[PDB]
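A short write-up of the structure that comes next.
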Amino acid sequence: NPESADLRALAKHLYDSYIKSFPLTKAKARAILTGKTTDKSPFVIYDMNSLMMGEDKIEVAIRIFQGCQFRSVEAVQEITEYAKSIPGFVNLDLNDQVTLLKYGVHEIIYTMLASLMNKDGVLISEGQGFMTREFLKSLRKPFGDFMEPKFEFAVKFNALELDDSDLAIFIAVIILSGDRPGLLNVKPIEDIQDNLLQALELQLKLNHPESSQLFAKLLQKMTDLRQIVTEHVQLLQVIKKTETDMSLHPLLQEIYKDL
Amino acid sequence: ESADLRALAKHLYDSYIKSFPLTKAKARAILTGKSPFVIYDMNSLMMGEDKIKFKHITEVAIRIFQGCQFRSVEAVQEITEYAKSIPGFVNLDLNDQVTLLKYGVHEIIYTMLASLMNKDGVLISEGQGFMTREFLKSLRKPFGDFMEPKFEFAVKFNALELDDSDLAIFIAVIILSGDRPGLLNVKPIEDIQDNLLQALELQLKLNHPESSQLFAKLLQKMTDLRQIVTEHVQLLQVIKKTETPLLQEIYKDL
Ligand SMILES: C#CCOc1ccc(/C=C2\SC(=S)NC2=O)cc1
Ligand SMILES: C#CCOc1ccc(/C=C2\SC(=S)NC2=O)cc1
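Line by line, the protein sequences give chains A and B. With the authors' numbering as the guide, the letters of the first sequence map in order to residues 205 to 262, 276 to 476. With the authors' numbering as the guide, the letters of the second sequence map in order to residues 207 to 240, 245 to 268, 276 to 461, 467 to 476.
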């Protein structure tokens with residue numbers, strides 16, 4: 205194990221800072237969704253009466282949507298915290314840091330949203346709740362189509378059966394993309410990712426020694442992420458016209474602006 | 207048992223060299239002779259941004282201030298990597314690691330900032346530049362009173378004439394402070410620090426035999442450090458009442 209030991213140390217570092225940056229890991233999500241407890245069982249929201257009942261322990278479609286955005290802002294904060302811990306990220310040009318976050322934040326958000334999802338719904342409110350897929354689809358349709366692409370991607374992506382130690386390196390690879398529009402110094406970004414991609418390859422080979430070409434399949438999923446992000450920005454462009462009274466968050470505004 | 211303390215001292219020094227590019231020996235060679247670009251007024255600041263490379267290059278006083286905090290973010294990552302090298306640190310509770318770092322990064326940032334400072338100014342941009350103390354004082358209020366406390370601390374601290382091998386163990390001692398608010402398991406933290414304090418005592422007695430109680434005086438500097446940190450966050454909230467997106471999330475601390 206020559207220089208593979210450096211990649212193992214990098215994997216462990218990213219995983220340690222992953223746990224320190226995201227309070228709801230995939231491990232805790234799967235322990236809740238399956239039923240490995242009686243204290244971690246979520247309250248299930250599936251209709252109007254179960255929503256009103258679940259509003260004790262933390276318009277209707279507007280309220281759910283605003284709740285989504287706030288969770289998204291919090292997620293951007295956590296991803297920012299995690300990004301600062303990627304070796305070399307804070308040593309890059311400041312403009313490039315803003316750019317990498319601006320275009321990577323949502324690909325990671327949907328990637329990690331898969332961890333909170335099954336084919337039937339998605340965990341909410343730090344895992345205290347669980348909103349069903351059909352209830353989200355039953356919302357008034359501009360809002361009813363917002364979560365279905367995330368659910369379809371999550372079904373296909375959860376089949377890879379990645380744990381948190383894999384996802385830490387994977388989302389690090391997403392942040393350090395040298396093909397982002399408007400980057401000033403691409404070469405250093407590509408060097409960091411070259412290291413992150415090596416680390417991810419080794420981690421997937423050791424953690425999934427039977428998953429043939431899991432590295433390639435995981436890399437191919439980034440295509441689906443792009444498509445998901447595109448459909449979302451279009452959907453937002455519809456909501457901005459239909460709902461002239463709803464407010465989009467400034468942080469979310471700066472991310473999607475001129476994307 | 208002293209051989210174990212010496213092994214810990216050498217280990218922490220090698221990790222210190224690996225983690226911090228601009229060491230105190232490097233900085234002091236620059237502050238004596240080896245050729246940094248000097249920033250002494252507004253015009254030399256303009257020419258500095260056009261010739262070197264920085265992190266403050268993106276009112277002038279507000280810009281200088283932000284470059285203090287960006288560098289602090291960069292510094293936090295270097296300090297984080299070094300802390301992970303302290304024996305026993307990674308085996309601690311994860312929440313305790315986050316807490317120790319959260320409350321230690323400031324004291325360490327100023328401790329090591331003293332290594333880049335003399336009575337006349339501070340090195341910047343990995344030693345490529347040197348911003349004068351007078352030009353920092355000439356900044357408009359409240360930004361002109363931001364760095365002067367750090368300079369006054371660095372003078373008294375540098376009078377101790379510590380080197381990198383001393384500062385490595387000293388920083389490690391700061392991290393393992395068992396009195397940080399919110400710690401869940403103080404016992405192993407204080408155990409590691411008890412070992413680090415022994416290593417620091419032996420190091421100072423072997424490296425500065427003419428200084429009788431240098432260990433005691435170095436410990437006395439921590440009160441001055443916590444005053445500098447405590448009084449720094451005050452000017453930081455007043456700074457939050459004088460500066461009104468995605469960039470502000472990157473610098474959510476410092
Ligand atoms: C249309 C639409 C979007 O659907 C969603 C999906 C997930 C959430 C997550 C929540 S809500 C809450 S409270 N805490 C969370 O994490 C909210 C709305
Ligand atoms: C009032 C005020 C703030 O004064 C300072 C002091 C030090 C720095 C450090 C820098 S800036 C750079 S680039 N590289 C460094 O190490 C920046 C601003």
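From the three backbone atoms N, C-alpha and C, an ideal C-beta is built for every residue, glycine too.
Tell me whether residue i is buried or exposed, calling it buried when 16 or more other Cβ atoms sit within 10 Å of its Cβ.
i              : result
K422(B)        : exposed
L401(B)        : exposed
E448(B)        : exposed
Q444(B)        : exposed
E276(A)        : exposed
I386(B)        : buried
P246(B)        : buried
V307(A)        : buried
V450(A)        : exposed
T242(A)        : exposed
residue 274(B) : What the structure lacks is residue 274(B): chain B is numbered 268, then 276, with the residues between left out.
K230(A)        : buried
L476(A)        : exposed
residue 267(A) : Coordinates for residue 267(A) are lacking, as chain A steps from 262 to 276 with nothing built in between.
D383(B)        : buried
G321(B)        : buried
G284(B)        : buried
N253(A)        : exposed
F287(A)        : exposed
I392(A)        : buried
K458(B)        : exposed
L333(A)        : buried
If you reduce the DSSP assignment to three classes, tell me which class residue i lands in.
i       : result
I267(B) : coil
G258(A) : helix
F247(B) : strand
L340(B) : strand
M329(A) : helix
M439(B) : helix
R280(A) : helix
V307(A) : coil
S382(B) : helix
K216(A) : helix
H323(B) : helix
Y222(B) : helix
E427(B) : coil
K354(A) : helix
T238(B) : coil
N412(A) : helix
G395(B) : coil
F374(A) : helix
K404(A) : helix
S289(A) : helix
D313(B) : helix
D362(A) : helix
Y473(B) : coil
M463(A) : coil
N253(B) : helix
Taking Cβ-Cβ distances shorter than 7 Å, what residues in chain B pair up with residue i?
i       : result
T297(A) : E471 and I472
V307(A) : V290, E291 and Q294
Quick one: what's residue i bridged to in DSSP?
i       : result
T447(A) : None, per the DSSP bridge assignment.
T349(B) : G338(B)
Name the chain A residues that come within less than 8 Å of residue i, Cβ to Cβ?
i              : result
residue 241(B) : Looking at chain B, the numbering goes 240 and then 245, which leaves residue 241(B) without any coordinates in this model.
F282(B)        : Result: empty, since nearest Cβ-Cβ is about 15 Å, beyond 8 Å.
Report whether the distance from the Cβ of residue i to the nearest heavy atom of ligand 4 is below 8 Å.
i       : result
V339(B) : Here the bound small molecules are ligand 1 and ligand 2; ligand 4 is not part of this structure.
Give the residues of chain A in contact with residue i, contact being defined as C-beta atoms less than 7 Å apart.
i       : result
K265(B) : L311
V315(B) : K224
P467(B) : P467, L468 and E471
Run through chain A and tell me which residues come within less than 9 Å of residue i, C-beta to C-beta.
i       : result
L384(B) : Near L384(B) there are no residues of chain A at all, since even the closest Cβ is about 22 Å away, more than 9 Å.
Say the cut is 8 Å; is the CB of residue i nearer than that to a heavy atom of ligand 2?
i              : result
residue 462(B) : Residue numbering in chain B jumps from 461 to 467; residue 462(B), which lies between, is not modelled.
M329(B)        : no
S221(B)        : no
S332(B)        : no
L379(A)        : no
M256(A)        : no
Just to check, is the beta-carbon of residue i closer than 8 Å to a non-hydrogen atom of ligand 1?
i       : result
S464(A) : no
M348(A) : yes
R288(A) : yes
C285(A) : yes
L353(A) : yes
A278(A) : yes
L419(A) : no
Please compile the residues from chain B whose C-beta is within a distance smaller than 9 Å of the C-beta of residue i.
i       : result
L476(A) : Neighbours of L476(A) on chain B: none; closest Cβ ~12 Å, over 9 Å.
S208(A) : Here the premise fails: no neighbours, minimum Cβ distance about 19 Å.
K319(A) : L468
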